[PDB]
Structures are given as structure tokens and as C-alpha cells.
Amino acid sequence: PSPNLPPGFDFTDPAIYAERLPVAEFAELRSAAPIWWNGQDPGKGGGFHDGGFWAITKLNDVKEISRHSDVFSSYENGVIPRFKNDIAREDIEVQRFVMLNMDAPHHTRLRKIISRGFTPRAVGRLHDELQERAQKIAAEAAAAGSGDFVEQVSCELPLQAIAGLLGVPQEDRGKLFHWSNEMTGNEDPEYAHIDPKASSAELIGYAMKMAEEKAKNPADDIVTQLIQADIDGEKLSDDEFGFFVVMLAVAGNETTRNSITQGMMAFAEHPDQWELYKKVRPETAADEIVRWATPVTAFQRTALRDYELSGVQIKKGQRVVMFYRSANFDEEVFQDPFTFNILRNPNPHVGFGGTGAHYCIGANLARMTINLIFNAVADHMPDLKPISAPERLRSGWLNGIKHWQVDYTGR
Ligand code: HEM
Ligand SMILES: CCOC(=O)c1cc2cc(-c3ccncc3)ccc2n1CCC1CCNCC1
Ligand SMILES: CCOC(=O)c1cc2cc(-c3ccncc3)ccc2n1CCC1CCNCC1
Ligand SMILES: [Cl-]
């Protein structure tokens, strides 16, 4: 029996996510077709012209694909499952220059070098300054009495995390943040005028200039670790550092932001959990917020050979799209997946991807950012209450909130 879905339904359709998360549709696939061919009409495949893709809705299947990276490739078609329908193939293939869209051994080399900037010591070194700025952001917002939670609470701390990691001077953080915000969302009418191509080029240019500068005058910031050769002589070229910075500007910006915004949305929806959070401040809340928020709705892979997955024959060359938003609510893995529970432990969500070679290198930096900001929100506006409904982002792979009006004072 075929799943009860509208004819021609596309789970990557940005017009859906601009309005809602298709929670009932995902649940229908998990019940009636956990692996399901999502057909795509000509010129409607978001930049891919192969007829469609396999929708992956179960967490165990998401994990299996992510582990078998020898079969399921990031490089072949990139991992983003939706661009503008008119994008040129060359604009998809330029993304193979960032680590996210590489396969081994190229990915293995880069990941080893970049891992020197995400050690627990390097990330933990950002704790104090990020805590300081989290407290300042919440106090500034609470003083305004009411406003846009997305812009006054959620936006700044993730960007300051990227800036602190890279050792960007305060005078430059303004344009760095601008370039980051110009990277994503070009399919929402509100951001129709942004040029991610142009920003990418400016970001790389800024980063290359920074790499050259930082070789002359090293410090402890991870940038020196990245461009300093090891015993094997392995290090990031200047253009490699540039493509890494472009990746950070995207990877750690709107992801953590939307986790913050949708975490607070859940707290407003579940006051018992908010009261529990304010009293205990449990750091397990961060993982439940990421599971609930699932900022990356979906990433794709391409099969390099025929592969049988959960009784379904995946053919060489076909795309599989891992819907993290479906897997993070998989009934077989979670007890009461649709209960927001900040104490859930263990919490094997795939908000940071499935375990494997590409697992989010910034997961713990993200968890620290989330924990610090919600401690500050609890410290400074414990009775904030929504004013109106959130405005969702028109995107086929990013689950974003553009605006959300809140009374930080309550009355
Ligand atoms: C709530 C926040 C975040 C979420 C939901 C998230 C999600 C993800 C996902 C789904 C992937 C792909 C994993 C896979 O394909 O198996 C990924 C990879 C990555 N993330 Fe994050 N991320 C977050 C925060 C961050 C931050 C703060 C940083 C850095 C400052 C970061 C840096 C990266 C990088 C560099 C990769 C590429 C790793 C690779 O391809 O080997 N992420 N992330
Ligand atoms: C400085 C290094 O980066 C670039 O030049 C650059 C960044 C970029 C981003 C997108 C894009 C794609 C999708 N959604 C947002 C942005 C597209 C093209 C991009 N290009 C150049 C493209 C050509 C590829 C090879 N032939 C000459 C140039
Ligand atoms: C060529 C320079 O690099 C890029 O253009 C680039 C880097 C990058 C990193 C992530 C990511 C996200 C989350 N966790 C890790 C990495 C996602 C997308 C990325 N893009 C493409 C931007 C496009 C903007 C328009 N809509 C389609 C996507
Ligand atoms: Cl986007």
C-alpha cells in the first residue's frame, strides 16, 4: 500500500518549510514506507536532474548510510539536497572544495588537520568569553522589554563562537557576520537580494589575507595550528583555510541559531519543562533542544555502487536523502519521541548527523553555546512569553525561523 501523501509531494519542497514542518507526512512514511522514492518532475529537482531520490525516514537507516561512507558519497553530488531549480552544475561542484562535500582520502586528510582546531581544550577555552557575552546579550534584550527573539537573543552568540574560534579581531567581526548571514536563505523572498556566490568569494579573500597575516605573527588561536605544518608537512593551504572559513560561516551560524530559537519555542509550548530547566539547568537540555529543533532537516548522499538497505535495492548513482527531522522522532528509537523532555538520557539523536566520518565537528561547541545562552535567558528573562507566531524560512534543507516577537518581561 502506497503512503497517503498528496500526489507529487516533494519532501525537499521549500514551499512546505516556509509554512510548516511536514511532521504528519514524515510519520506516514515511517509507518507505511520507511524508504520511499520521492519522484521529481523535470526541472523541479532543486538542481538535480535524475528523476528523484530515496527518502530515508528511519534513524537506523540514517546511521547505516552515514557509516558506509565508502558506498554513500558526499562528493559525487554534494550533500545539500535542494538548490534553486535553475542552478548550474558547476555551482554545485564548486562546493566540493569544502570538507563537507569531500570523500576519503581527501576528506580524511583535511579532517585530521582541522581537528587540531576543535580539540576539547580549544573549545573549552572559549567557555568564559562566550558565557560573558551570553549574559550580556540576554541583559540587553531583557532591557528592551519586547522584540525579535531571533535577532536579539539567537543570532549573536553563534557568530561570536565562530569569531572567537578563529581569533577574528573585534573590528572585523562586523563584516564577518555580514558575510555569514549572506550565505544562506537566498530562496526566501526576504533574502532574494543576497549573493552567496559574492559573499563566498569575499569570505575566502578575507580568510586568505588572514592566513598570510597569521603565519607572520602566530599565537594560540587555532588558525596557527591549521596553517603550521606537522611532521608530515600537512597543513591547510591559504585557499584551503579560506574554504574552511566559508564552511564555518555556514556550519555554525544558522544551525545553532535555529536550535536556540526553536528550543525557546518548545519551552514556551511546555512550561513544565521551562520551570524544570530554570531550577536544575540540566545540560542534557541542549541535546533535546537540538533533537527538537533539527536545524538541518536533511542531507543527501549518492551511491557509488548498488547497495541493499533495509530490504530496498539502492542503485549505483541514485541519491538518498537522510531526513534527520524524521529520524529524530523515530518511535522505534525514542520513548515518546513527541514529548519534549530536557532530561532525555541517553539521547541518540541525529541532529548532528549519523555517526561516521562527517559527524559534526562542532557538536560540543554547539552544545556549549546552547547551554550558555539558555542559562542567560533563564537568568535575565525567566518569564518571557511569545507575542505572535514565528515566521518560518523558505528552505528545502534548512529548518529556519526568520522572526519571532516576544515579551521578555511577560506583561
Ligand atoms: C545546533 C548546531 C549544529 C547542527 C545541528 C549541526 C549539524 C551538522 C550536520 C548534520 C553535519 C553533517 C554530518 C554528517 O553528514 O554526518 C555537520 C557537519 C559539520 N559541522 Fe555542524 N552543526 C551544528 C553546529 C556546528 C558548529 C557550531 C560548527 C563550527 C563552528 C560546525 C561545524 C561543522 C563542520 C565543519 C562540519 C563538516 C564535518 C565534515 O564534513 O567532516 N557545526 N553539522
Ligand atoms: C572564491 C572561490 O569561490 C568561488 O569562486 C565561488 C563560490 C561560489 C558559490 C556558489 C553558490 C552555489 C549555490 N548556492 C550559493 C552559492 C556558486 C559558485 C561559486 N563560486 C564560483 C563558481 C565557478 C566554479 C568554477 N568555475 C569558475 C567559478
Ligand atoms: C563554495 C563555498 O561554500 C559554500 O557555498 C557552502 C559551504 C557550506 C557549508 C554548509 C554546512 C552546513 C552545516 N554543517 C556544515 C556545513 C552548508 C552549505 C554550504 N555551502 C553552500 C551554500 C548554499 C547557499 C544557497 N543555498 C544552498 C547552499
Ligand atoms: Cl540556503
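Quick notes on this one:
- For the stretch 294-350, GluC sites (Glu not before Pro) are listed when DSSP marks them as loop and at most 15 other Cβ atoms sit within 10 Å of their Cβ; the list is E331, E332.
- Residues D41, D13, sorted so that the one with the fewest Cβ neighbours within 10 Å comes first: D41, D13
- Calculated FRET value between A104 and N4, using beta carbons and R₀ = 30 Å, to 0.05: 0.15
- Amide H within-cut-off set for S146, under 5 Å, with H built and near neighbours excluded: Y408
- Table column - 3J(HN,Hα) (Hz), the stretch 127-134, Karplus curve with 6.51, -1.76, 1.60, x for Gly and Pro: 4, 5, 5, 5, 5, 3, 6, 4
- Length released on extending from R411 to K315, taking residue separation times 0.36 nm less the Cα-Cα span: 28.7 nm
- Between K385 and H68, the contour length at 0.36 nm per residue exceeds the alpha carbon distance by 109.7 nm.
- Fraction in percent of alpha-carbon pairs per bin - 10 Å, the stretch 194-233: 27, 41, 24, 8, 0
- With θ taken as phi - 60° and the Karplus curve 6.51 cos²θ - 1.76 cosθ + 1.60 applied, the whole-hertz 3J(HN,Hα) list for the stretch 379-384 is 6, 10, 9, x, 10, 4 Hz, x standing for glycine and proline.
- The stretch 1-156 shape via C-alpha gyration tensor axes, a/c threshold 1.5: oblate
- Computed E for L21/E213 - FRET, C-beta separation, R0 51 angstrom, nearest 0.05: 0.70
- Two-site label geometry, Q228 and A33: point separation in nm, points 7 Å out along Cα→Cβ: 5.6
- Hydrodynamic radius by Kirkwood, which averages 1/r over all alpha carbon pairs of the chain, in angstrom: 22.0
- In Hz, Karplus ³J(HN,Hα) per residue of the stretch 326-343 (6.51, -1.76, 1.60; θ = phi - 60°; x = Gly, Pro): 7, 5, 6, 10, 6, 4, 5, 9, 10, 7, 6, x, 8, 9, 6, 9, 6, 9
- Residues of type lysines that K209 reaches as a straight line, Cα spacing below 19 Å, ignoring anything fewer than 8 places off in the same chain: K175, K197, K235
- Under-5 Å amide H pairs with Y75, H placed in peptide plane, nonlocal only: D103
- Shown for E132, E28: other C-beta atoms within 10 Å of each C-beta, ranked fewest to most, produce the order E132, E28.
- With R₀ fixed at 25 Å, the C-beta to C-beta distance from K197 to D238 puts the FRET efficiency at about 0.80.
- Of the residues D128, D148, the one with the fewest other Cβ atoms within 10 Å heads the list, and the complete ranking is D128, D148.
Values in this text are rule-based calculations from the coordinates and carry no lab data. In this analysis, Cβ positions are derived from the backbone assuming ideal geometry, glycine residues included, and neighbour counts consider all displayed protein chains.
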